[PDB]
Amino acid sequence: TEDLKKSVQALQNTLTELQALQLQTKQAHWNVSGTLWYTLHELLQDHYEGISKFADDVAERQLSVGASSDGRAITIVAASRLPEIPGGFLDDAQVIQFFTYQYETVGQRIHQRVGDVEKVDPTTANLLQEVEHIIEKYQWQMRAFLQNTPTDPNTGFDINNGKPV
């Protein structure tokens, strides 16, 4: 059946994306610098925990429908399909920019996956909607730092050495 194939594909692809996000949030947690370093250090820890919890649920849902889960380092690298986080000290505006985009792209892809599996496997779809919920919430939490308002454009000039982000 390509109803098991559909399920596996959607779960496995989401798992890898969450694992990529685990590694990038931690990396940023450690290396972020600037005015918002501590704020972001704390926020990224919370995201990491939420992402880790859903990575474990997604992997065990995969096992639950009868397939092994591939969480290997090689598999994470092989699925790049997503900008990589710079090494070294990272700037607060750079971290914000980076996750605004990553969470948005990951959320979009999960959104597609929910549609794909919804009538063959509504239980897997339900799980993926929960993952999408958290990813899009995290997206807002990064986006909110640069959100345009009636009194202030929020260009990020102050967290970016005078320059818009």
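One-based numbering along the sequence shown.
- Averaged over CA atoms, B-factors in the entry run higher in 110-118 than in the other of 110-118 and 52-60.
- Of the two segments examined, 69-77 and 82-90, it is 82-90 that shows the higher average Cα temperature factor in the deposited entry.
- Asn13: CA B factor lies in the middle third for its chain, per the PDB record.
- Among all modelled residues in this chain, the alpha-carbon of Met142 has a temperature factor (C-alpha) in the middle third.
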